[PDB]
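Take a look at the structure below.
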Amino acid sequence: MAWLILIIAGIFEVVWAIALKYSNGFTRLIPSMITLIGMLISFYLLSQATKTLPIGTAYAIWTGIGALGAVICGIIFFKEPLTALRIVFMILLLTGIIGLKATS
Amino acid sequence: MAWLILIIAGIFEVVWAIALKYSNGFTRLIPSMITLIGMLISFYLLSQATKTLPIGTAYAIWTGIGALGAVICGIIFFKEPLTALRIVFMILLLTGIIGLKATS
Amino acid sequence: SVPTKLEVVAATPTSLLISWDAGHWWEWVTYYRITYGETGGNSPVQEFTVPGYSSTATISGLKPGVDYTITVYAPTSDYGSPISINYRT
Amino acid sequence: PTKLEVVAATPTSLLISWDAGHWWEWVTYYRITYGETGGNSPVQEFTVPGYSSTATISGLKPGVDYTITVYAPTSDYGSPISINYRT
């Protein structure tokens with residue numbers, strides 16, 4: 001369960017990360033709202049997951065889901081350049097996450 | 001000097017990570033309080049160093065300090081597991097994170 | 001681009017109920033700032049703000065018979081030009 | 001928490017206080033419930049931020065015996081404190 005909460009927290013991490021830039025100086029309502037919500041959810045879920053999971057693993061996997069989703073969305077919705085370097089980095093990230101969950 | 005405030009933002013990242021661990025799911029006041037203030041220090045200190053510096057290297061070093069210090073202070077403070085598999089997959093996850101942030 | 005269509009919905013010798021067109025959902029701002037003052041030349045205007053989800057605003061405490069200028073601003077100059085009207089109470 | 005006193009009281013309201021502890025025992029919010037000591041109904045409940053050690057129960061019927069309890073966020077702390085009191 002705590003791992004599923006971590007996954008969802010990273011998802012919301014990237015949602016509020018993108019909604020932040022879609023807000024202006026925190027001045028576009030609908031983006032800003034989404035940022036404020038996505039934050040409050042994300043961190044809350046993090047605070048829940050950290051109750052049962054070690055803080056290093058939890059922080060790392062939360063950050064990693066955030067970054068992996070950030071790059072996935074950047075490529076797909078932002079015309080971002082897809083390097084083979086980026087592919088090997090994504091592979092390293094997923095390998096780390098999966099192995100960490102498998103060494104529980 | 002903008003490098004140094006980036007280092008300090010990365011340190012406050014670890015600070016609020018450890019405080020969030022201590023807050024037992026955001027229930028113990030003071031850890032929670034340390035978690036919230038230490039957050040927007042880190043988020044603020046970053047945006048300043050991010051002004052001078054390249055966003056990629058800045059984010060890579062920021063989350064690198066954050067995650068590595070989280071793992072280290074976790075195995076220290078909370079006697080979190082120090083396995084060879086855990087350090088290996090943590091290395092993989094952190095290198096993937098740092099690489100994806102050094103690119104984008 | 002925002003806001004649009006500033007007009008006095010209702011009016012009384014002392015109060016004016018004004019409204020505007022916040023725009024499309026992607027144009028909605030987090031707040032508007034409203035400024036009302038004697039259309040003459042006394043610079044201490046009166047000012048307040050309104051949450052971005054509100055499209056109307058009431059304005060009390062006006063001297064009867066005077067002509068006031070009323071301005072609505074978005075948070076930043078990004079979104080458009082501030083719009084303003086004149087009205088005698 | 002501990003030490004649930006009724007600081008002040010009028011016919012229609014009580015002022016209550018409790019000992020939070022110090023520093024590490026503090027919590028982010030306390031939860032105060034209150035209701036007629038007998039008579040079913042439900043109970044009323046509200047929540048106060050964990051930095052304040054006082055609370056104000058209002059809108060009570062005069063002469064009735066209410067019961068008031070204060071809860072920490074979880075049971076992993078210092079157990080729920082409870083008192084009775086007539087207005």
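Every chain in the structure tokens takes a letter, A first, then B, and so on in the order presented; its residues are numbered from 1, and the ligands are numbered from 1 following the presented order.
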Helix (DSSP H, G or I) residues, from DSSP on the backbone, in range 16-104 of chain A, as a ChimeraX atom specification: /A:16-22,29-52,55-78,84-102
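The Cα RMSD between chain B and chain A, which share one sequence, comes to 3.8 Å after optimal superposition of the latter on the former.
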Could you please select, counting only C-alpha atoms, the residues of chain D within 12 Å of chain B and state them as a ChimeraX atom specification? /D:20-30,49-52,72-77
Taking only C-alpha atoms into account, which residues of chain A are within 7 Å of chain B, as number ranges by chain? A: 47-48, 50-51, 54-57, 59-60, 64, 67, 86, 89-90, 92-93, 95-97, 99-100, 103
Can you pull out the residues contacting residue 18 in chain D? Cut-off 6 Å, using only C-alpha atoms, and skip same-chain residues under 6 positions away; I want them as a count of residues only. 4
What are the closest atom pairs, with distances in Å to one decimal, for each residue of chain C lying within 6 Å of chain A, using only C-alpha atoms, rows by chain and rising residue number, as JSON lines?
```
{"residue": "C:28", "atom": "CA", "partner": "A:29", "partner_atom": "CA", "distance": 5.5}
{"residue": "C:29", "atom": "CA", "partner": "A:28", "partner_atom": "CA", "distance": 4.5}
{"residue": "C:30", "atom": "CA", "partner": "A:29", "partner_atom": "CA", "distance": 4.5}
```
Please report, as a list in words, each residue of range 17-62 of chain C to which DSSP assigns strand (DSSP E or B) when run on this structure's backbone.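 Assigned to strand (DSSP E or B), within range 17-62 of chain C: residues 17, 18, 19, 20, 21, 29, 31, 32, 33, 34, 35, 36, 37, 38, 46, 47, 48, 49, 50, 51, 56, 57, 58 and 59 of chain C.
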Create the file for the chosen residues now, containing C-alpha atoms and written as a compact mmCIF listing (two decimals), in the first residue's frame.
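Listed below is the output, again_1.txt:
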```
# COMPACT_ATOMS: atom_id res chain seq x y z
CA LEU C 17 -23.19 47.11 -8.24
CA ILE C 18 -20.77 46.53 -11.14
CA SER C 19 -19.78 43.38 -13.02
CA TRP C 20 -17.44 42.24 -15.80
CA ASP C 21 -16.72 39.23 -18.02
CA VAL C 29 -7.26 35.13 -12.91
CA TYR C 31 -8.20 38.05 -8.31
CA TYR C 32 -9.15 41.41 -9.69
CA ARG C 33 -8.38 44.78 -8.13
CA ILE C 34 -10.97 47.56 -8.24
CA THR C 35 -10.34 51.28 -7.90
CA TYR C 36 -13.04 53.94 -7.57
CA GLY C 37 -12.55 57.68 -7.26
CA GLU C 38 -13.92 61.12 -7.94
CA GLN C 46 -10.36 54.09 -2.87
CA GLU C 47 -9.18 50.57 -3.65
CA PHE C 48 -10.09 46.98 -2.87
CA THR C 49 -9.77 43.51 -4.39
CA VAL C 50 -12.04 40.62 -5.33
CA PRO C 51 -11.39 36.86 -5.69
CA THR C 56 -19.28 41.21 -9.71
CA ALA C 57 -18.52 43.79 -7.03
CA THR C 58 -20.55 46.23 -4.96
CA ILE C 59 -19.27 49.69 -4.08
```
Find the residues around range 9-11 of chain A up to 6 Å (only C-alpha atoms counted), leave out those fewer than 4 positions away in its own chain, and share them as a ChimeraX atom specification. /A:42,45,62,65-66
Neighbours of residue 3 in chain A within 9 Å (only C-alpha atoms; same-chain residues fewer than 5 positions away dropped), as a ChimeraX atom specification? /A:8,49,53,58,101
Find the spatial neighbours of range 13-15 of chain C, counting only C-alpha atoms, within a cut-off of 6 Å - ignore same-chain residues fewer than 2 positions away - and output them as an MDAnalysis selection string. chainID C and resid 11 59:64 89
Write out, as a PDB file, in the first residue's frame, the residues just selected, with C-alpha atoms.
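Below is the file that was written, selection-v1.pdb:
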```
ATOM      1  CA  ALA C  11     -27.055  51.781  -8.955  1.00  0.00           C
ATOM      2  CA  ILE C  59     -19.272  49.695  -4.079  1.00  0.00           C
ATOM      3  CA  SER C  60     -20.823  51.527  -1.141  1.00  0.00           C
ATOM      4  CA  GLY C  61     -20.312  54.923   0.439  1.00  0.00           C
ATOM      5  CA  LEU C  62     -20.402  57.235  -2.574  1.00  0.00           C
ATOM      6  CA  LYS C  63     -21.429  60.871  -2.314  1.00  0.00           C
ATOM      7  CA  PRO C  64     -24.770  61.304  -4.133  1.00  0.00           C
ATOM      8  CA  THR C  89     -24.639  58.391  -8.862  1.00  0.00           C
TER       9      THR C  89
END
```
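The two atoms in question, CA of residue 46 in chain B and CA of residue 6 in chain B, are spaced 5.8 Å apart.
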Taking into account only C-alpha atoms, which residue in the set C:66, C:6, C:45, C:22 is nearest to residue 85 in chain C?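 Checking each candidate against residue 85 in chain C, we get C:6 as the closest.
Between CA of residue 40 in chain D and CA of residue 66 in chain D there is a distance of 11.6 Å.
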